[PDB]
Amino acid sequence: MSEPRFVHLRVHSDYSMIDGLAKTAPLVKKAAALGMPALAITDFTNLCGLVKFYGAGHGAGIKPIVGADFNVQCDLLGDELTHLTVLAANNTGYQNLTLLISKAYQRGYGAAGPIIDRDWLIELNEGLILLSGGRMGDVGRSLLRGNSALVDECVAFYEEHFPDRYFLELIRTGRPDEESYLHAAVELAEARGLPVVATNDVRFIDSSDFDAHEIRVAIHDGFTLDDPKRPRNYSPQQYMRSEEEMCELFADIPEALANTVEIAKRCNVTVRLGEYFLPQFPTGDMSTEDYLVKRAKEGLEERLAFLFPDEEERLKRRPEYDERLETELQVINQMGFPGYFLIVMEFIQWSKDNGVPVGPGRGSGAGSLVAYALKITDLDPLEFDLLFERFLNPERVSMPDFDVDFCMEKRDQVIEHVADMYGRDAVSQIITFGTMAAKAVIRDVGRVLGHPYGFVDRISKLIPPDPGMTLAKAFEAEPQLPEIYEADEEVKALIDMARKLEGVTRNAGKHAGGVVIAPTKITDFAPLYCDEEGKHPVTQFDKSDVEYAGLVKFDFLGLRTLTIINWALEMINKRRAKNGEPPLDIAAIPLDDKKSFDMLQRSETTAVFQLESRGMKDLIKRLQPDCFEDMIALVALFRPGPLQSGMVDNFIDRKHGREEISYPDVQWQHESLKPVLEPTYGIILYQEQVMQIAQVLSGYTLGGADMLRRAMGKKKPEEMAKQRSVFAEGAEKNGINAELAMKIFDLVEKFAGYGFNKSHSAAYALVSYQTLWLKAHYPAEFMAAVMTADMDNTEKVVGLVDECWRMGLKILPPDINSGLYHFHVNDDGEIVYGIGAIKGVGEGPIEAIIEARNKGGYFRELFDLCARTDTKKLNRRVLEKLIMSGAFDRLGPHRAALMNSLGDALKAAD
């Protein structure tokens, strides 16, 4: 009748971490290949892959069933931990399950892992369906004892707290006591009026995956495969059995199969994706809408007076901006996003007031004039043909994302601000996952297969260093890989296994990935993960997943460029009182400064953000970038595709009169494209040019244009066919020839494949320009801040003193009486060496040197230095390392005679 006869209600993904092999989407695609309509994933004490589950479910037509597996702990069975599955039947249940999981982690745990108390199920109860745990459950273990009274006590709990919502779970996977328990559970179930359910307790996709999952478990547990003492809790039968295979396994208990279909139908959880659940912003008695309109119009007034400080020009130039402003404002308010813009502007402001550097990145946010008006971004988008619809497209369901990051060192300062702002409980850090990439998986599998370190490292050293590296990429890039694979049985067995485990989730990361902001308690939105002491709580959804589930987040990034600008500006602005000049606003600098572009065309881009590569210096030389547009272009030009397709040469040639500019091609061009293609010498370089060509040539809206760029990325059969038609009749309607329109469409689509995000490139290029302008106008304080930042890399600071020399700057060698922790700039414009860069010293010892010398400089020699201070902060190892950096070369003798003095005078301290 209804027709499907089985669904899997207990399945682990690799997100269980203790076990599992298959990722979330692959498990969903298996279910569907099996012709199943639904699928429970019940990972161990987490919902980490839930957002991925839901996305892959919709894609495959499969209904996701939300659950988790636990180890349970009641006073009846003492210290023995038992298994339970908890399924969320509705959203009440989902939230109860999220609370249950959080509660386990917050309680803390030991080697045994996180555990729930059975009685937590009393209050955390509604909307949950429980499967009994099988032989390894409460009732299963009591049954296997054969203590009738104990069994009755155990089930009684479920009869009271879970009527019609507790199922006795039956599992045939060829494991000890399964059938004996099953026989006794079926007797219990008839005697009590209780229902039975079959599961396959799935840990892998196919039966032939068993050996690889054994290896995965052994890596986690820390055993070698051939160890007799190694836990063998799994069988080869624990794969995703088909409907028929389960139908035959349980042909004797049809209720058990049918109860899977029934439970699957009762379980209907909405996890909504792709829309924000924003926290509330302090708007007074103003609408959120109206408060944003106000701050944006008035922010636009500041920008306009900076850009056009002649009032005659500001009037004539103004309409365009006001129209852009209210056009954006309309999309933001009608989509329900003004709170978002407001939160981000507040955050950007707060981090300026306090000393919290935020990264260059802005998603596609620099194409918003409102972002600019609000001081979220610092570039005029109308000057640079940056497009609002590439950031927030009204014809689309979107989540605007400024992707703002800050340095992880300052997380506590920011968690604090955003708790004061939105509520302490509504604020949380975000989980990261450790996976087994190429080098690691080889190492891990190799050890489990019993190889000594030497054998396996002879393999892993053949995997290239490269950021993205995979085993498949490694085998193509390195010919010795194929060779030893075919020539060595042990290596073949090893790599075949490493291929099955590559990418697999191993653990919660060492550090968090960001700070997330909820409208209420975090637990209203994500479950928590914590350490063994229930500390370091983090959302069980990571960066991408947490935001897809509708939370505002701010990422950690360790990029030190804004820290450098910050420090350099502090140093510049001290030169304030020294000649009573107003502070510098790095945001207020001209973008056509000649000194800046002179220095850049000279390829002098050491310590200039993004532009330090030898390759990039080669490119700058040939290109001779003399405007900011060219700086935006550099990252788009400097790629393997553009260089090995002649586009870089075309761009450079058309720039310097060596090649005629066409819009874009000699034959296949149209003059209406000239304003669009002008800044790039008629080359389609940007994603936004793709969009403007569809708008201008064939009458697309900017939002419909962003939909065509998106369709060009996917490259699907039916997809294009339709846009190809819109684009045809759009050009026809502009009086443009059909064959030309189509031939230009082919070119747009060719170049769209390399097409760079102009707004992403521009936000970064502005930061390059800032480091470039600083270097040109305040070389001493700029290099000083850069050398401070790189202090712990000695190779790197050395290359920076070389650059300083090359610049005509005077960097002074370590001076004990003159030096600070940071490099700084004396009243002469000479760089005073930062003592922090002397390897083997440290902020602790140095603070104690400055603390002494301050209080009455001081010092006149080595004896006088440790005459007071202190061994308990300024010991010998630090002193000898100070001598050899030459820090005492202005007082007494040289390094040699200082080491053998050392001494000796040492003891004259006390």
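Basis of the calculations
Residues numbered from 1 in each chain as written, not as in the entry; some residues may be left out. Heavy atoms only, no water. 1 Å grid on protein atoms, 1.4 Å probe; cavity = no way out; pocket = protein on both sides within 12 Å on 5 of 7 lines; lining within 4 Å. Points joined across faces, edges and corners; volume = space filled by probe spheres on them. Helix = DSSP H or I, 4+ residues; strand = E, 2+ residues; numbered from the N terminus. Nonpolar A, V, L, I, M, F, W, Y, C, P; charged D, E, K, R; others polar. Buried < 20%, exposed > 50% of the residue type's maximum accessible area, 1.4 Å probe, protein only. Contact = heavy atoms within 4.5 Å. Salt bridge = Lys/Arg side-chain N within 4 Å of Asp/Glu carboxyl O. Disulfide = S-S within 2.5 Å. Pairing = 2+ DSSP bridges. Axes fitted to C-alpha atoms, helices over the stretch in contact; angles between N-to-C directions. Domains from an automatic or database assignment. Core = buried A, V, L, I, M, F, W, Y, C linked by side-chain atoms within 4.5 Å. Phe/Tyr/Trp six-rings, centres within 6.5 Å; stacked < 30°, edge-to-face > 60°. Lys NZ or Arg CZ within 6 Å of the ring centre and 35° of its normal. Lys, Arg positive; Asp, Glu negative; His and termini not counted. Polar contact = N/O pair within 3.5 Å; in protein donor to acceptor, adjacent residues only side chain to side chain. Parallel < 35°, antiparallel > 145°, perpendicular 65-115°, else oblique.

- In the PDB header, X-ray crystallography is given as the technique by which the entry was determined, and 2.30 Å as its resolution.

### As for the layout of surface pockets
Picture a little ball the size of a water molecule; that probe, rolled over the atoms, points out where space is still empty.
Consideration 1: By volume, the second largest pocket is sized at about 1,100 Å³.
Consideration 2: Lining the second largest pocket we find 45 residues, and of these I18, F44, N71, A112 and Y234 sit closest to its centre.
Consideration 3: Mapped onto the lining of the second largest pocket, the elements with two or more residues apiece are strand 2 (63-73), helix 7 (178-192), helix 8 (210-221) and strand 11 (505-508).
Consideration 4: In terms of residue class, the lining of the second largest pocket is made up of 18 nonpolar, 13 polar and 14 charged.

### Side note on the side chain of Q770
Consideration 1: Mapping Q770 onto the fold places it in helix 34 (residues 758-777).
Consideration 2: Here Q770 falls in the buried class, since its relative accessible area comes to 6%.
Consideration 3: Setting aside residues no more than four positions away along its own chain, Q770 makes contact with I565, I586, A587 and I589.

### Quick notes on the environment of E383
Consideration 1: Within the element layout of this structure, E383 appears in the loop between helix 15 (369-373) and strand 8 (405-406).
Consideration 2: With 246 residues separating them in the primary sequence, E383 and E629 have C-alpha atoms 9.7 Å apart.

### Remarks on the pattern of salt bridges
Consideration 1: The tally for this structure, following the rule as stated, stands at 49 salt bridges.
Consideration 2: One salt bridge in this structure joins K492 and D496, with 2.9 Å as the shortest N-O distance. Note that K492 and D496 are positioned in helix 21 (residues 489-501) at a spacing of four residues, about one turn of the helix.
Consideration 3: Exposure remark for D496: the relative accessible area of 29% places this residue in the partly exposed category.

### Focus: the state of the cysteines
Consideration 1: Applying the stated criterion across every chain yields a total of zero disulfides.
Consideration 2: With no disulfide of its own, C247 has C267 as its nearest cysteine by sulfur position, at a separation of 19 Å.
Consideration 3: When its relative accessible area of 7% is taken as the criterion, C247 is described as buried.
Consideration 4: Taking relative accessible area as the criterion, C267 reaches 1% and is therefore assigned buried.

### Re the sheet that holds strand 15 (residues 552-556)
Consideration 1: If you trace the six strands from one edge of the open sheet to the other, you get 8-15-12-9-14-13, paired in mixed fashion. Edge strands, defined here as strands with exactly one partner in the open sheet, are strand 8 and strand 13 (528-529).
Consideration 2: Sheet strands in contact with helix 14 (residues 338-353) are strand 8 and strand 15, and its direction is about 35 degrees off that of strand 15.

### Let's talk about the environment of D870
Consideration 1: Secondary-structure assignment places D870 in the loop between helix 38 (862-865) and helix 39 (876-884).
Consideration 2: The class for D870 is partly exposed, based on a relative accessible area of 44%.
Consideration 3: Separated by 628 residues in sequence, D870 and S242 place their C-alpha atoms 74 Å apart.

### Concerning the pairing of strand 1 (residues 38-41)
Consideration 1: Of the two faces of strand 1, both are covered, the one formed by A38 and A40 as well as the one formed by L39 and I41.
Consideration 2: Direction of pairing for strand 1 relative to strand 2: parallel, over a ladder of four bridges. Bridge assignment links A40 to a residue of strand 2, and that residue is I65.

### Points about the domain arrangement of the chain
Consideration 1: Per the domain assignment, the segments of the chain are domain 1 (1-270), domain 2 (271-432 + 511-560), domain 3 (433-510) and domain 4 (561-910).
Consideration 2: Distance from the C-alpha centre of domain 3 to the C-alpha centre of domain 4: 35 Å.

### Some words on the nonpolar core
Consideration 1: With 139 residues, the main nonpolar core has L97, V139, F341 and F554 as its most contacted residues.
Consideration 2: When residues in this core are grouped by element, the largest group, nine residues, is from helix 14.
Consideration 3: Each of two domains, domain 1 (1-270) and domain 2 (271-432 + 511-560), supplies a minimum of three residues to this core.
Consideration 4: When neighbours within four sequence positions are excluded, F341 is seen to be in contact with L292, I332, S368, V370, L374, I376, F391, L392, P400 and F402.
Consideration 5: Within the second largest apolar cluster, 99 residues are counted, among which are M571, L634, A765 and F823.

### Quick word on the packing of aromatic side chains
For any pair of aromatic rings, the description rests on two quantities: the centre-to-centre distance and the angle between the ring planes.
Consideration 1: Applying the stated rule across the entire model yields 33 aromatic pairs.
Consideration 2: Aromatic pair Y105 and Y529: ring centres 4.8 Å apart, planes at 40 degrees, arrangement tilted. Note that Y105 is positioned in helix 3 (residues 91-107) and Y529 in strand 13, a separation of 424 residues in sequence.
Consideration 3: Pairing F384 with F628 gives two aromatic rings, centres 5.2 Å apart and planes at 55 degrees, and the pair type is tilted. Here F384, found in the loop between helix 15 and strand 8, pairs with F628, found in helix 26 (residues 628-637); they are 244 residues apart in sequence, far enough to count as distant. The exposure classification of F384 matches that of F628, with both residues buried.
Consideration 4: By way of ring pairs, the aromatic residues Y276, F337, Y340, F341, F391 and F402 are connected into one cluster.
Consideration 5: The ring of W120 has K103 sitting right over it, with the charged end atom 5.5 Å from the ring centre.
Consideration 6: Looking at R499, its charged tip hangs above the ring of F475, at a distance of 4.8 Å from the centre.

### Here's the deal with the sheet that holds strand 16 (residues 811-812)
Consideration 1: A sheet is described by the order of its strands in space; here three strands give the open sequence 16-18-17, paired in mixed fashion. Two strands in the sheet have a free side with no partner beyond their single neighbour: strand 16 and strand 17 (824-825).
Consideration 2: Judged from the two bridges that link them, strand 16 and strand 18 (residues 831-832) form a sheet pairing that is parallel. Looking at strand 18, one finds that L812 is bridged to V832.

### Thoughts on unusual backbone geometry
Consideration 1: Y663 connects to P664 through a cis peptide bond whose omega is 0 degrees.
Consideration 2: Of note, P664 is situated in the loop between helix 28 (647-655) and helix 29 (674-677).
Consideration 3: Across the junction of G857 and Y858, the peptide omega takes the value 10 degrees, indicating a cis bond.
Consideration 4: With respect to the element layout, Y858 can be found in the loop between helix 37 (843-854) and helix 38.
Consideration 5: The backbone of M17 shows a phi angle near 65 degrees, a positive value even though the residue is not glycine.
Consideration 6: One can find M17 in the segment before helix 1 (24-33).
Consideration 7: Of note in the backbone geometry, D177 takes a positive phi value of approximately 75 degrees without being a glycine.

### Description of the side chain of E346
Consideration 1: Relative to the assigned elements, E346 resides in helix 14.
Consideration 2: Although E346 lies buried, it forms no salt bridge, and the closest oppositely charged side chain, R295, sits 10 Å away as judged by the N-O distance.
Consideration 3: Here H417 takes part through its side chain, which lies 2.8 Å from a polar atom of the side chain of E346.
Consideration 4: Excluding its chain neighbours within four sequence positions, the residues that come into contact with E346 are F281, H417 and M421.

### Description of the packing of helix 8 against helix 17 (residues 438-448)
Consideration 1: Helix 17 packs onto helix 8 with a crossing angle of 95 degrees between their chain directions and a minimal axis gap of 9 Å. Judged by the inter-axis angle, helix 8 sits roughly perpendicular to helix 17. Here helix 8 contributes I215, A218 and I219 to the contact with helix 17, which in turn contributes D444, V445, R447 and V448.
Consideration 2: Here the contact of helix 8 with helix 17 is built from residues that sort into five nonpolar, no polar and two charged.

### A closer look at the environment of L304
Consideration 1: Tracing the chain through its elements places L304 in helix 11 (residues 288-307).
Consideration 2: What makes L304 buried here is its relative accessible area of 0%.
Consideration 3: Not counting the four nearest positions on each side in its chain, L304 is found in contact with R314, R318, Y321 and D322.

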